[PDB]
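*Asks:* all I have is the shape, not the residue letters:
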RNA sequence: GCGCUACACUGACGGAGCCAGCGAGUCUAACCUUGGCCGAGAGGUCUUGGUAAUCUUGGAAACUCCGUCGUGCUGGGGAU
RNA sequence: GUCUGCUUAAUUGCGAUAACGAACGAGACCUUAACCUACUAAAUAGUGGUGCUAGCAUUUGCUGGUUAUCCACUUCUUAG
């Protein structure tokens, strides 16, 4: 029955798939009822690459500021080798990264 | 005879007075309502200056209060507001027993039966919802298609069976009286010419008023359910008031207070005094009224930010 | 050196090239009903007590 | 009852300075009159003296105020900018040396100590020796 | 400035026709209402329609 | 007369001084007034600064320059000479000095002789550049009194500034060497030796 | 019990934390009471609010004000707001309600910050020129 | 043409108070360095941590402090 | 159509109109600075309580030191 205290660490470029996954997350895990926290929500990094517009000195001095704003996002979750694996497999998706930095 | 004389007020709030409440068990223990997100507790000491000590604010919602119903005991004040609640306040103190949440559109009400239990509240989602003295619903009634405006308690001397009765309101232009225990069906008020923005009740179980955006005040019985005394009061009342045991009406018609006198059928006494630097369309027109619980003290309330309580005394 | 303190009533219209001049009536505070129309230089209002040792030049409207 | 805090930021300075001038124990390292502290000061300290006994109450009040720190910390603190001259004025980090040696001399009596995580923490004495001498600098104010 | 616009006026001037009666000047009771009626873009746009309307019922009377 | 006995003795010297009383508890702003009719209305005597700093939203509203405490449109000027530019705390550690070197030299109510270096130091009969052509006249017209006091502080700062300037005198001893001699004004100062020098370029053009 | 109520402070950058409890006298700022001000010319900034009112009231009311953010004069209003702020958070949750109206008509009079923190922003910078509304040199 | 310090006592010198924010950073090798010593100093170094909200790194200057300098091209100026 | 006029940071909009209704620009949108005593978590953020504890008071108090003594917190500080 070996217990493990996992920690769930997410990141994307859309606030709309992403929020989706700690609604699914923390209600595809309170179905499971797990001992967990609520979607912690980490300082928004947010890169601004100044660049001039022109192809050639010429031409006024005419500049840009395009950037990726991630929303970093993490979680928690206990549960054995069986019911963290059935959870990590499920949320499954476009835009997004899931780590399972495990705490054995 | 009764020359009604116009006295010292109790001024205090920054927004706009929008209810007010008859204390209903310690008639001092005034307890007043708001717009700017509190409830200034005013004593009636009474002793003259201040007519009578603004001793607990209570702060907030996030948004505007449309009500503040006292309990059957009268030291536990029940909120509402435009951010979709309740928040039961302690008259004595600054506190939130039970956030009652759940509505969608802006509470318009609040009231409590004769034992302090199966509470109600209207809405704009166009219901109703009971929330017992816990954030919990008995059920969520849906017979109306509208903004159901206001609901009241009635204060029963056929000594109460126990399967009781309450009421409601109003752009569908109708009332409807919901057993407060198992929301059955009883009669409605057909007819009117636009918004039912209020109603009221008897101080024994056999009187009521509704009212006006048309002009007319269409009167009751509940224990006859038959349509009555049809008056004609031009602008609107926003803000109705039974004396408790006299037979005097009080409602704030813009313009009067029209005391109409619900026995015979007369205009006794219109209070539009006092007034200083206005362009009409500035009067600073009411929005809540009451009759001392024990029934004199009219606690006449107005926009502005000055309550103006105005009792009836001698000829 | 005789100082006649004159009160501004009616601020009139803007003048000068660079808007350095308002026009100005004035009510003589210290001989009310006299109501002469001089000029002044400032960012004015009605009630700017105004100061003249030159009683009186009455002035005409400057490009 | 009687604090190091309850008392000012240069009376404790000059009244631990004339305590650690008149202690003799304090030792006094061999590049501590000449040598320029800081290299943008031209002027070393205008005392030449027991700045070392005025840097022995600074350092020390400075520790205790916080947890721990030093020598590449009292390195960002004591200096200021630079005199670059012509070149728009510029920070310069002192010389770890003198207070890398009062921090190993304070180590001696029982005033300053080495905080586990490590580096300078005042001991358990030490503090005893700053709450004795913040109450002897409170009565030149009283 | 503070100078009103078409999209806005011509949205209140269409409205003011039907809904003079629900009609008001506490404009914070129109604001709500002015959604149940129009099918508006925005929150800002909407707060500038009813602003105008209240400039109708404050002068109509 | 009642010392609070609170550990933290927060003064019984700056408790009897500013409990009994309002105002900066060195100078008492308490039976000190203004003696002219024109520069009342447009020179605050004082709303209480108990120090000589308000954020200061004084130029949005076209008027409030008025509402502005005199003492803090002064520290305001000094604000220069460019190198200091920015430094207010050097400019109040300097005029919190000035008010002691007027009290000390005269023996006056020095916050009043601060005010009498206002109305006296104001140019009334003033000129303007009529455009006008290649050459014309500076139609001579008496500023509102608004503008006047704008100048009455502006003037005073451009002549007690050269006086420290290769000078043994630390603006604290030239500012109070200007206001005592500028109210008695005299002409040992710089206003009553330009103020008069603008009356005196106008009295002709006029 | 503890009776504690309590607040923050905010002027252009940082915060304080007025833990306004029930004790005997104290007013600790930064681990250093207010007699011990910090940039000691402005010193009179915080000294107005103890007296702007009875040094009477604050004997009861104990403020351990921790002070972080925001160069020295920033926070000066941040710790001013917060002793008043709560002046009415004590005089709101605890000491009545007209004691917030007797106050705020005292405390509203300097009609300043004190109560309501500053609004003004630093303007963003741009391209080309250096503090804010500056445009680079000109040519011909 | 773009720029730095200064013509002062509203400053220059000094103790004694003594305060942020944008960064960065060593790997296949020497980037940050304290601490504790040696140097008047500039520094030297032993040794230490740190692939960094984890170390140097919580102590930057205008300033309040307490004054010397006293109208002396100085005790402004800092060229050569 | 894209205009006399009044309107704006703006062909930005009411209105006048053999002219009706659309595209690009602008604006909408993206970056960051502000706010959330509601959520979600933090021995790489800090609280009290807790000892261990080092001083002044002795009046219970006041001033500390402690990357674990433990925990409990999450205003703070980070940030979804």
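*Replies:* Perfect, thanks for sending it. Numbering: from 1, shown residues only, chains lettered A, B, ... in the order given.
*Asks:* so residue E:47 sits in a helix?
*Replies:* Yes - assigned with DSSP: H, G, I helix; E, B strand; the rest coil, residue E:47 falls within a helix.
*Asks:* can you report how many residues lie near it?
*Replies:* 13 (other Cβ atoms under 10 Å in any protein chain shown). Just so you know, the C-beta spots here come from the backbone N, C-alpha and C atoms, and that holds for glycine as well.
*Asks:* now swap in residue F:115 and tell me
*Replies:* 25.
*Asks:* against residue G:50, how distant is whatever residue of chain F ends up closest to chain G?
*Replies:* Nearest residue of chain F to chain G: residue F:6, at 3.0 Å (Cβ to the nearest Cβ). In this view, residue F:6 and residue G:50 are 10 Å apart by Cβ to Cβ, to the nearest Å.
*Asks:* can you tell me which residues in chain B are near chain D?
*Replies:* Applying the criterion Cβ under 8 Å from any Cβ of the partner chain, no portion of chain B neighbours chain D.
*Asks:* which one of residue F:6 and residue G:50 has more residues nearby?
*Replies:* residue G:50 (22 against 15).
*Asks:* quickly list what's touching both of residue F:6 and residue G:50.
*Replies:* Taking Cβ atoms under 8 Å, 6 or more residues apart in numbering or on different chains as the contact rule, residue F:6 and residue G:50 both touch residue G:58.
*Asks:* any idea how far apart the tips of stretch E:39-57 sit?
*Replies:* 22 Å (Cα to Cα, to the nearest Å).
*Asks:* buried stuff in that stretch?
*Replies:* If you call a residue buried by 16 or more other Cβ atoms under 10 Å in any protein chain shown, then stretch E:39-57 has these buried ones: E:46, E:49, E:50, E:51, E:52, E:53, E:54, E:56, E:57.
*Asks:* got JSON lines for these, with distance to residue D:24 and secondary structure too?
*Replies:* Listed next are the buried residues of stretch E:39-57 as JSON lines, based on distance: Cβ to Cβ, whole Å; DSSP: H, G, I helix; E, B strand; the rest coil:
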{"residue": "E:46", "distance to residue D:24": "82", "secondary structure": "helix"}
{"residue": "E:49", "distance to residue D:24": "86", "secondary structure": "helix"}
{"residue": "E:50", "distance to residue D:24": "84", "secondary structure": "coil"}
{"residue": "E:51", "distance to residue D:24": "82", "secondary structure": "coil"}
{"residue": "E:52", "distance to residue D:24": "87", "secondary structure": "coil"}
{"residue": "E:53", "distance to residue D:24": "88", "secondary structure": "coil"}
{"residue": "E:54", "distance to residue D:24": "86", "secondary structure": "coil"}
{"residue": "E:56", "distance to residue D:24": "92", "secondary structure": "coil"}
{"residue": "E:57", "distance to residue D:24": "92", "secondary structure": "coil"}
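*Asks:* how about the residue of chain G found nearest chain D, what does it touch?
*Replies:* Closest contact between chain G and chain D, by Cβ to the nearest Cβ, is at residue G:32 (5.2 Å). By Cβ under 8 Å, 6+ apart, the contact list for residue G:32 reads D:5, G:38.
*Asks:* how about the longest helix along chain F: buried residues?
*Replies:* Using DSSP state H, we find that the single longest helix of chain F is helix F:146-154. Using 16+ other Cβ under 10 Å as the test for burial, helix F:146-154 gives F:146, F:147, F:148, F:149, F:150, F:151, F:152, F:153.
*Asks:* check contacts around residue 45.
*Replies:* If you meant another chain, say so; for now it's chain A. A:70, A:72.
*Asks:* I was after chain G.
*Replies:* Residue G:45 neighbours (Cβ under 8 Å, 6+ apart): F:51, F:53, G:76, G:77, G:80.
*Asks:* could you identify the most distant pair in those?
*Replies:* Using Cβ to Cβ, the pair of these lying farthest apart is F:51 and G:77, separated by 13.2 Å.
*Asks:* the two - which one has more neighbours?
*Replies:* The residue with more neighbours, out of residue F:51 and residue G:77, is residue G:77; 22 against 18, by other Cβ under 10 Å.
*Asks:* looking at it, the more buried one is touching residue G:116, isn't it?
*Replies:* No - Residue G:77 lies out of contact with residue G:116 (Cβ atoms under 8 Å); the separation is 10.4 Å.
*Asks:* from the buried residues of helix F:146-154, which is closest to RNA strand H?
*Replies:* Of all these, RNA strand H sits closest to residue F:153, with 9.6 Å by Cβ to the nearest atom of the strand.
*Asks:* would you turn the contacts of residue G:45 into a markdown table with secondary structure and distance to residue D:17?
*Replies:* A markdown table is the format used below for the contacts of residue G:45 (DSSP: H, G, I helix; E, B strand; the rest coil; distance: Cβ to Cβ, whole Å):
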| residue | secondary structure | distance to residue D:17 |
| --- | --- | --- |
| F:51 | coil | 32 |
| F:53 | coil | 35 |
| G:76 | helix | 31 |
| G:77 | coil | 36 |
| G:80 | coil | 35 |
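*Asks:* is stretch G:82-91 positioned near chain F?
*Replies:* No - counting by Cβ under 8 Å from any Cβ, chain F has no neighbours in stretch G:82-91; the shortest distance is 12.1 Å.
*Asks:* and for that stretch, what are the contacting residues?
*Replies:* The contact list for stretch G:82-91, computed with Cβ under 8 Å, 6+ apart, reads G:5-9, G:16-18, G:20, G:27, G:46, G:49-50, G:53, G:60-61, G:63, G:65, G:92, G:99-100, G:103-104, G:107, G:114-115.
*Asks:* out of the residues you listed, list just those in helices.
*Replies:* residue G:46.
*Asks:* of the contacts of stretch G:82-91, which are in range of RNA strand H?
*Replies:* Contacts with RNA strand H are made by none of the contacts of stretch G:82-91, judged by Cβ under 7 Å from any atom of the strand.
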